[PDB]
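**Q** Dropping the structure in here first, questions after.
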Protein chains: 2
Amino acid sequence: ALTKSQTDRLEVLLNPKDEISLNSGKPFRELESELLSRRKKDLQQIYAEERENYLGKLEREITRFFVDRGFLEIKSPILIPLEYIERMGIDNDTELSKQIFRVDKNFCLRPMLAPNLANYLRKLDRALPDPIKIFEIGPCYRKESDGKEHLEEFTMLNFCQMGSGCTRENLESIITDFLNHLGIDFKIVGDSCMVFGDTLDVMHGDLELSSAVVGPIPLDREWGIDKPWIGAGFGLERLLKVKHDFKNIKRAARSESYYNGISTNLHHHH
Amino acid sequence: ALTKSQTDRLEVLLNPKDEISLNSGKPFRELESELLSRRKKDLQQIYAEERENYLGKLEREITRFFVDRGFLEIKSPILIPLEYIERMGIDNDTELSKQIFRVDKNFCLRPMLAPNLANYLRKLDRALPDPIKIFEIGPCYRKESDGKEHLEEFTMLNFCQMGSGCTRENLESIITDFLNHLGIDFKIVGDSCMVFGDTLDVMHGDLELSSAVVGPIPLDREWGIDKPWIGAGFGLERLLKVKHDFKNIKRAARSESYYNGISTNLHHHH
Ligand SMILES: Nc1ncnc2c1ncn2[C@@H]1O[C@H](COP(=O)(O)OC(=O)[C@@H](N)CCCC[NH2+]C(=O)OCCc2ccco2)[C@@H](O)[C@H]1O
Ligand SMILES: Nc1ncnc2c1ncn2[C@@H]1O[C@H](COP(=O)(O)OC(=O)[C@@H](N)CCCC[NH2+]C(=O)OCCc2ccco2)[C@@H](O)[C@H]1O
Ligand SMILES: [Mg+2]
Ligand SMILES: [Mg+2]
Ligand SMILES: [Mg+2]
Ligand SMILES: [Mg+2]
């Protein structure tokens, strides 16, 4: 019989495609040696052939998709003023407020892309023709209980449009074209959150890929926005989790422990 | 005569290619209106044509260069254990130690990529053939006096090789092939730093593009490295500064104030 420590170690080395059972009586060593060989060969093939990191590669694929559809690529600060949190309507006694990583006294790691993108929409409206279409991909941060679907350090895509064409129909059509491009099935369900109000959540089974919003909303005034807008935020690690059938989202994260979902800890267990 | 406030505002709107003088007596308005028109047209053309962010585009170009030359693309954590700082030989009473953004009690924003990459080298050595070649591009953080050449939030490339081929000659040859690819002239000068010891600094005039190291070094033991290695770190914003002849590195940074070196603040000054 395998101990919990042993079972945990074999789970680390097991990949979704494997058809190997941890409950069929084989000694821990036979199982560990088999899996280590498979994972070493997996890394050897990546190194010999493509050499691209899944998170980087997905960012690049997504970037191409939105640039080709007329959206401006944004790269904004990750370390942001703490004041942006308050101004997003996140009161400091709320749950999301307790998820913020504070830095020094007056800054934080951004938990979302929206405030920076709201500032870009306002500013670009002075220069660009209608409709204004922009997107950003990059790191975001939230203190979490984690579990299998949450990370403290994750990667968000947020695209948005402001001016004409900002209807629920167009928003759903963009989401549909995007997830069709990635080859991911989904449904849309109505939900709500404290910050934006009513949302359209993009679901893969019970897993939330995205929350999306059809503006305008009352918050807009605080960011100097006064036109219709639509936008959606997606977690890249969640997209990878679905695409590669990972059981735990940690396999898709920035990590020292996994590379393209393959364990980097290829020592023997004792 | 222009006030300091006026001169500063016009400097924000001026771009390197402009042949417009702020010292030839024209009223502030004539100058401000001219520059605003140029910058709006610059943004309009980016939006109509390419839509790519310089920092993102450069990351993608660099990634392709190193992947095609046999280096594995790494995406590791930005938020790292504070203990990694100590173990890099950065004592807490040193100057670099005072540049660290601490997060909670036991973490920090990484000020460099090396510790994460050292862990990857050690781990991948259990799986990959000689030589092991890896690189990472991403955000790094240092409290700075700033000025025209430093940012608190910047983007580093670090490539490294471990095993065979880890000579000064090969390191210089990679650096040369890389900067030749980017179309940037440079020289190499010997320097030294507290962490790695003797370095080879890659200079464009008086501007440091990179520090590079030929190992092994005594620090290696603390990271479980015991083979020869070579590596170099480059700032992407510094590369952009040179490529686009920016006067201030802030034009190349993740920002809400500049997009591809063009001011996003296109209001009228009073
Ligand atoms: N902990 C953790 N780990 C992994 N993935 C995670 C995660 N937490 C979230 N995700 C993934 O991100 C997606 C979106 O997160 P969310 O909390 O549901 O939604 C928001 O953060 C929100 N900002 C998304 C965009 C809403 C539309 N708003 C917008 O476009 O604003 C644009 C500009 C503007 C105008 C006025 C105001 O702002 C999760 O679904 C998950 O995948
Ligand atoms: N504040 C600020 N703003 C803009 N750009 C900045 C900046 N500070 C630095 N830069 C740019 O980064 C380049 C490198 O920074 P550095 O301090 O000179 O050098 C280092 O950080 C160092 N880690 C670079 C790599 C050295 C080689 N080491 C390595 O490859 O390790 C690999 C693994 C290993 C094995 C054993 C131990 O580790 C600046 O030149 C500037 O452009
Ligand atoms: Mg949540
Ligand atoms: Mg949601
Ligand atoms: Mg320095
Ligand atoms: Mg240096």
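Labels for the structure tokens follow display order: chains A, B, ..., residues from 1 in each chain, ligands from 1.
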Taking only C-alpha atoms and all ligand atoms into account, list the residues no farther than 12 Å from ligand 5, as a list in words.
**A**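 Answer in the requested format: residues 95, 96, 97, 98, 99, 100, 111, 112, 141, 142, 143, 144, 145, 146, 147, 149, 150, 151, 152, 154, 193, 194, 195, 207, 208, 209, 210, 211 and 235 of chain B.
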**Q** Restrict the selected residues to N, CA, C and O atoms and save them as a compact mmCIF listing (two decimals), in the first residue's frame.
**A**
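And here's again.txt as it stands now:
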# COMPACT_ATOMS: atom_id res chain seq x y z
N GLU B 95 23.68 48.20 -0.42
CA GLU B 95 22.89 49.17 -1.16
C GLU B 95 21.82 48.48 -2.00
O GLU B 95 20.67 48.95 -2.04
N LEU B 96 22.18 47.40 -2.67
CA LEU B 96 21.22 46.65 -3.46
C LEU B 96 20.13 46.11 -2.54
O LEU B 96 18.96 46.02 -2.93
N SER B 97 20.49 45.76 -1.31
CA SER B 97 19.50 45.25 -0.38
C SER B 97 18.44 46.31 -0.09
O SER B 97 17.26 45.98 0.08
N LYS B 98 18.86 47.57 -0.06
CA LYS B 98 17.93 48.68 0.20
C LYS B 98 17.06 48.99 -1.02
O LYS B 98 16.10 49.76 -0.94
N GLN B 99 17.39 48.39 -2.16
CA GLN B 99 16.59 48.58 -3.37
C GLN B 99 15.45 47.56 -3.50
O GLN B 99 14.65 47.63 -4.45
N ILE B 100 15.33 46.64 -2.55
CA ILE B 100 14.34 45.57 -2.67
C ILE B 100 12.94 46.00 -2.25
O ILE B 100 12.76 46.56 -1.17
N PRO B 111 14.47 41.48 -7.96
CA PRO B 111 15.28 42.57 -8.54
C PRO B 111 16.12 42.10 -9.71
O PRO B 111 16.77 42.92 -10.34
N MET B 112 16.14 40.79 -9.94
CA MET B 112 16.90 40.16 -11.02
C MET B 112 16.33 38.77 -11.27
O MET B 112 15.51 38.28 -10.49
N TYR B 141 12.33 44.57 -10.39
CA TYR B 141 11.99 45.74 -9.58
C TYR B 141 13.13 46.16 -8.67
O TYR B 141 13.72 45.31 -7.99
N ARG B 142 13.46 47.46 -8.67
CA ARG B 142 14.48 48.01 -7.79
C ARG B 142 14.10 49.44 -7.39
O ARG B 142 13.81 50.26 -8.26
N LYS B 143 14.11 49.76 -6.11
CA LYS B 143 13.97 51.17 -5.71
C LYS B 143 15.19 51.93 -6.21
O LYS B 143 16.32 51.56 -5.91
N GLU B 144 14.95 52.99 -6.97
CA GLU B 144 16.02 53.74 -7.61
C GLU B 144 15.87 55.24 -7.34
O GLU B 144 14.80 55.71 -6.94
N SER B 145 16.95 55.98 -7.54
CA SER B 145 16.89 57.44 -7.62
C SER B 145 16.30 57.82 -8.97
O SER B 145 16.03 58.99 -9.25
N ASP B 146 16.10 56.80 -9.81
CA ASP B 146 15.67 56.97 -11.19
C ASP B 146 16.67 57.81 -11.98
O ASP B 146 17.81 57.39 -12.18
N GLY B 147 16.25 58.99 -12.43
CA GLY B 147 17.01 59.70 -13.42
C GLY B 147 16.66 59.14 -14.79
O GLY B 147 15.69 58.38 -14.94
N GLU B 149 18.16 57.02 -16.86
CA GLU B 149 18.57 55.67 -17.27
C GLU B 149 18.06 54.51 -16.36
O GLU B 149 18.34 53.35 -16.63
N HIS B 150 17.36 54.85 -15.28
CA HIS B 150 16.84 53.85 -14.34
C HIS B 150 15.35 53.94 -14.15
O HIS B 150 14.76 55.02 -14.10
N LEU B 151 14.75 52.78 -13.97
CA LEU B 151 13.32 52.67 -13.70
C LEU B 151 13.16 51.81 -12.45
O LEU B 151 14.01 50.97 -12.16
N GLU B 152 12.07 51.98 -11.73
CA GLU B 152 11.81 51.11 -10.59
C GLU B 152 11.21 49.79 -11.05
O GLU B 152 11.46 48.76 -10.46
N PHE B 154 11.16 47.56 -14.39
CA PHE B 154 11.85 47.40 -15.67
C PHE B 154 11.71 45.95 -16.15
O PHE B 154 11.04 45.15 -15.49
N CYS B 193 30.96 43.60 -9.75
CA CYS B 193 29.85 43.89 -8.86
C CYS B 193 29.87 42.95 -7.65
O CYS B 193 30.51 41.89 -7.68
N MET B 194 29.18 43.36 -6.59
CA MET B 194 29.25 42.68 -5.30
C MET B 194 28.75 41.25 -5.37
O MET B 194 29.22 40.38 -4.63
N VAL B 195 27.79 41.00 -6.25
CA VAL B 195 27.13 39.70 -6.28
C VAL B 195 27.92 38.65 -7.08
O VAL B 195 28.14 37.54 -6.61
N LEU B 207 26.18 54.20 -21.56
CA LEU B 207 24.98 53.50 -21.10
C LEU B 207 25.23 51.99 -21.03
O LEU B 207 25.59 51.37 -22.04
N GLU B 208 25.02 51.40 -19.86
CA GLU B 208 25.14 49.95 -19.70
C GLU B 208 23.90 49.22 -20.23
O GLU B 208 22.79 49.39 -19.72
N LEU B 209 24.09 48.41 -21.26
CA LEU B 209 23.02 47.56 -21.77
C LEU B 209 22.93 46.28 -20.97
O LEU B 209 21.85 45.75 -20.80
N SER B 210 24.07 45.76 -20.52
CA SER B 210 24.10 44.44 -19.91
C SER B 210 25.29 44.26 -19.00
O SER B 210 26.33 44.90 -19.19
N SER B 211 25.15 43.43 -17.98
CA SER B 211 26.29 42.82 -17.28
C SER B 211 26.28 41.33 -17.55
O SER B 211 25.21 40.68 -17.47
N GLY B 235 18.67 44.98 -19.97
CA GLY B 235 17.43 45.71 -19.78
C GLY B 235 16.75 46.03 -21.10
O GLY B 235 17.35 46.72 -21.93
**Q** Pull out every residue of chain A that has at least one atom within 8 Å of chain B, counting only C-alpha atoms, and report them as a PyMOL selection string.
**A** chain A and resi 40-41+43-44+47-48+50-53+55-56+60+67+70-77+79+101-104+116+119-120+123-124+126-129+153+254-256+259+264-267
**Q** With C-alpha atoms retained, write the just-selected residues as a compact mmCIF listing (two decimals), in the first residue's frame.
**A**
# COMPACT_ATOMS: atom_id res chain seq x y z
CA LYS A 40 12.54 13.36 -18.56
CA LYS A 41 11.69 12.31 -22.11
CA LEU A 43 11.42 17.67 -21.25
CA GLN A 44 14.01 16.31 -23.66
CA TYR A 47 14.13 21.10 -25.54
CA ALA A 48 14.96 19.40 -28.80
CA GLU A 50 9.86 23.74 -29.82
CA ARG A 51 11.40 25.23 -26.65
CA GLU A 52 8.48 27.59 -26.01
CA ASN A 53 6.85 28.09 -22.63
CA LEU A 55 2.28 30.75 -20.88
CA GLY A 56 4.53 32.81 -23.14
CA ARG A 60 1.80 35.60 -28.06
CA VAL A 67 -3.93 43.03 -32.77
CA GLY A 70 -7.97 46.09 -34.45
CA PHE A 71 -7.14 46.21 -30.73
CA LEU A 72 -4.14 48.23 -29.49
CA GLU A 73 -1.62 46.24 -27.37
CA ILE A 74 -1.09 47.87 -23.96
CA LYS A 75 1.73 47.22 -21.45
CA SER A 76 0.97 49.09 -18.26
CA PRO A 77 2.39 49.07 -14.75
CA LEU A 79 2.90 47.95 -9.43
CA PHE A 101 -0.67 42.57 -1.93
CA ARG A 102 0.42 45.93 -0.55
CA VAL A 103 3.81 47.34 -1.45
CA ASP A 104 5.32 50.06 0.68
CA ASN A 116 -5.00 51.02 -15.96
CA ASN A 119 -7.08 55.46 -17.82
CA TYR A 120 -5.92 54.41 -21.29
CA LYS A 123 -6.61 59.27 -22.68
CA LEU A 124 -6.76 57.62 -26.09
CA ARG A 126 -8.49 62.41 -27.12
CA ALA A 127 -6.54 60.96 -30.10
CA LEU A 128 -8.08 57.87 -31.67
CA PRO A 129 -11.12 57.38 -33.90
CA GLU A 153 0.27 35.09 -9.13
CA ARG A 254 4.76 30.79 -13.51
CA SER A 255 6.71 28.31 -11.48
CA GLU A 256 9.93 26.72 -10.47
CA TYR A 259 7.54 23.51 -16.92
CA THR A 264 10.93 19.97 -12.66
CA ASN A 265 11.60 17.97 -9.48
CA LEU A 266 12.99 14.82 -10.95
CA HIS A 267 14.91 13.49 -7.95
**Q** Using DSSP assignments from the backbone, pull out every residue in range 116-254 of chain A that falls under strand (DSSP E or B) and give it to me as a short mmCIF file (atom, residue, chain, number, x, y, z; two decimals) with N, CA and C atoms, in the first residue's frame.
**A**
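And here's result_12.cif as it stands now:
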data_model
loop_
_atom_site.label_atom_id
_atom_site.label_comp_id
_atom_site.auth_asym_id
_atom_site.auth_seq_id
_atom_site.Cartn_x
_atom_site.Cartn_y
_atom_site.Cartn_z
N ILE A 132 -12.71 52.89 -29.89
CA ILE A 132 -11.42 52.64 -29.29
C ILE A 132 -11.38 51.21 -28.77
N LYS A 133 -10.39 50.44 -29.24
CA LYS A 133 -10.25 49.03 -28.92
C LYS A 133 -8.84 48.78 -28.40
N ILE A 134 -8.75 48.27 -27.18
CA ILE A 134 -7.44 48.04 -26.55
C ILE A 134 -7.45 46.74 -25.75
N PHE A 135 -6.28 46.20 -25.46
CA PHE A 135 -6.20 45.01 -24.62
C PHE A 135 -4.85 44.97 -23.96
N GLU A 136 -4.78 44.25 -22.85
CA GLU A 136 -3.54 44.01 -22.14
C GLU A 136 -3.53 42.57 -21.65
N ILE A 137 -2.36 41.96 -21.68
CA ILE A 137 -2.08 40.69 -21.04
C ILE A 137 -0.93 40.88 -20.05
N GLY A 138 -1.11 40.43 -18.81
CA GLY A 138 0.04 40.38 -17.94
C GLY A 138 -0.26 39.97 -16.54
N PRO A 139 0.75 39.99 -15.70
CA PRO A 139 0.62 39.48 -14.33
C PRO A 139 -0.36 40.29 -13.50
N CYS A 140 -1.14 39.55 -12.71
CA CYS A 140 -1.99 40.11 -11.67
C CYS A 140 -1.87 39.26 -10.40
N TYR A 141 -2.27 39.83 -9.25
CA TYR A 141 -1.96 39.24 -7.96
C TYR A 141 -3.12 39.33 -6.98
N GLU A 153 -0.38 34.40 -8.02
CA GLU A 153 0.27 35.09 -9.13
C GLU A 153 -0.24 34.47 -10.42
N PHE A 154 -1.04 35.23 -11.15
CA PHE A 154 -1.70 34.71 -12.35
C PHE A 154 -1.54 35.71 -13.50
N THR A 155 -2.05 35.38 -14.68
CA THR A 155 -1.90 36.21 -15.87
C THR A 155 -3.28 36.47 -16.43
N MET A 156 -3.63 37.75 -16.59
CA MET A 156 -4.91 38.12 -17.14
C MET A 156 -4.78 38.71 -18.52
N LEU A 157 -5.75 38.41 -19.37
CA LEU A 157 -6.07 39.15 -20.58
C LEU A 157 -7.28 40.00 -20.28
N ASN A 158 -7.28 41.26 -20.62
CA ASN A 158 -8.47 42.10 -20.56
C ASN A 158 -8.52 42.85 -21.89
N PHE A 159 -9.58 42.67 -22.65
CA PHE A 159 -9.83 43.48 -23.83
C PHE A 159 -11.05 44.34 -23.57
N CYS A 160 -11.08 45.50 -24.20
CA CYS A 160 -12.23 46.36 -24.08
C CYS A 160 -12.38 47.24 -25.27
N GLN A 161 -13.61 47.72 -25.45
CA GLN A 161 -13.97 48.57 -26.57
C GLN A 161 -14.81 49.70 -26.01
N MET A 162 -14.69 50.90 -26.56
CA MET A 162 -15.43 52.05 -26.07
C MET A 162 -15.89 52.90 -27.26
N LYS A 187 -19.96 28.13 -22.20
CA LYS A 187 -21.29 28.70 -22.14
C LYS A 187 -21.20 30.04 -21.42
N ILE A 188 -22.24 30.84 -21.57
CA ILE A 188 -22.31 32.13 -20.90
C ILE A 188 -23.44 32.11 -19.89
N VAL A 189 -23.15 32.55 -18.67
CA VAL A 189 -24.16 32.60 -17.62
C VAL A 189 -24.14 33.98 -16.98
N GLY A 190 -25.30 34.45 -16.54
CA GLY A 190 -25.36 35.74 -15.88
C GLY A 190 -24.87 35.59 -14.46
N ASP A 191 -24.09 36.55 -13.98
CA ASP A 191 -23.62 36.57 -12.60
C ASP A 191 -23.51 38.03 -12.17
N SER A 192 -22.91 38.29 -11.02
CA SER A 192 -22.76 39.66 -10.55
C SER A 192 -21.57 39.73 -9.61
N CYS A 193 -20.91 40.89 -9.59
CA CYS A 193 -19.81 41.10 -8.65
C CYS A 193 -19.85 42.52 -8.10
N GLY A 197 -20.91 45.14 -11.02
CA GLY A 197 -22.34 44.86 -11.01
C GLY A 197 -22.62 43.60 -11.80
N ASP A 198 -23.63 43.64 -12.66
CA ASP A 198 -24.01 42.46 -13.41
C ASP A 198 -22.93 42.13 -14.43
N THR A 199 -22.61 40.84 -14.52
CA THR A 199 -21.63 40.34 -15.47
C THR A 199 -22.20 39.22 -16.31
N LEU A 200 -21.43 38.89 -17.34
CA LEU A 200 -21.62 37.70 -18.13
C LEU A 200 -20.40 36.85 -17.85
N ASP A 201 -20.58 35.73 -17.17
CA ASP A 201 -19.48 34.82 -16.91
C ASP A 201 -19.39 33.76 -17.98
N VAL A 202 -18.17 33.57 -18.43
CA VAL A 202 -17.82 32.60 -19.45
C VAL A 202 -17.33 31.35 -18.72
N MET A 203 -18.08 30.26 -18.86
CA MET A 203 -17.88 29.05 -18.08
C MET A 203 -17.45 27.88 -18.98
N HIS A 204 -16.51 27.09 -18.48
CA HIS A 204 -16.20 25.78 -19.05
C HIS A 204 -16.55 24.78 -17.96
N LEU A 207 -15.94 25.77 -14.25
CA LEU A 207 -14.74 26.62 -14.19
C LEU A 207 -14.99 27.95 -14.91
N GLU A 208 -14.80 29.05 -14.19
CA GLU A 208 -14.91 30.39 -14.80
C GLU A 208 -13.66 30.75 -15.60
N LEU A 209 -13.82 30.92 -16.90
CA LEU A 209 -12.74 31.40 -17.75
C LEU A 209 -12.66 32.91 -17.71
N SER A 210 -13.80 33.58 -17.62
CA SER A 210 -13.83 35.03 -17.76
C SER A 210 -15.05 35.64 -17.09
N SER A 211 -14.92 36.87 -16.64
CA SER A 211 -16.07 37.75 -16.37
C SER A 211 -16.04 38.90 -17.36
N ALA A 212 -17.23 39.23 -17.90
CA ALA A 212 -17.37 40.26 -18.92
C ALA A 212 -18.47 41.23 -18.51
N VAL A 213 -18.36 42.46 -18.98
CA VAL A 213 -19.29 43.53 -18.60
C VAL A 213 -19.70 44.35 -19.80
N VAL A 214 -21.00 44.66 -19.86
CA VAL A 214 -21.53 45.63 -20.81
C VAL A 214 -21.81 46.91 -20.04
N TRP A 229 -19.20 51.11 -23.29
CA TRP A 229 -18.01 50.28 -23.37
C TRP A 229 -18.39 48.84 -23.08
N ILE A 230 -17.54 47.91 -23.54
CA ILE A 230 -17.70 46.49 -23.26
C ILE A 230 -16.31 45.97 -22.96
N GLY A 231 -16.21 44.96 -22.12
CA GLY A 231 -14.90 44.40 -21.84
C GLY A 231 -14.99 43.04 -21.21
N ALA A 232 -13.90 42.27 -21.27
CA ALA A 232 -13.84 40.96 -20.64
C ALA A 232 -12.45 40.66 -20.14
N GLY A 233 -12.37 39.98 -19.02
CA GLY A 233 -11.10 39.52 -18.48
C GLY A 233 -11.04 38.02 -18.41
N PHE A 234 -9.94 37.44 -18.89
CA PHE A 234 -9.71 36.00 -18.90
C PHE A 234 -8.43 35.65 -18.19
N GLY A 235 -8.41 34.57 -17.43
CA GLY A 235 -7.18 34.04 -16.86
C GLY A 235 -6.47 33.09 -17.82
#
**Q** Identify all residues of range 66-98 of chain B in alpha helix (DSSP H) (DSSP on the backbone) and supply them as a list in words.
**A**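 So, restricting range 66-98 of chain B to alpha helix (DSSP H), we get residues 66, 67, 68, 82, 83, 84, 85, 86 and 87 of chain B.
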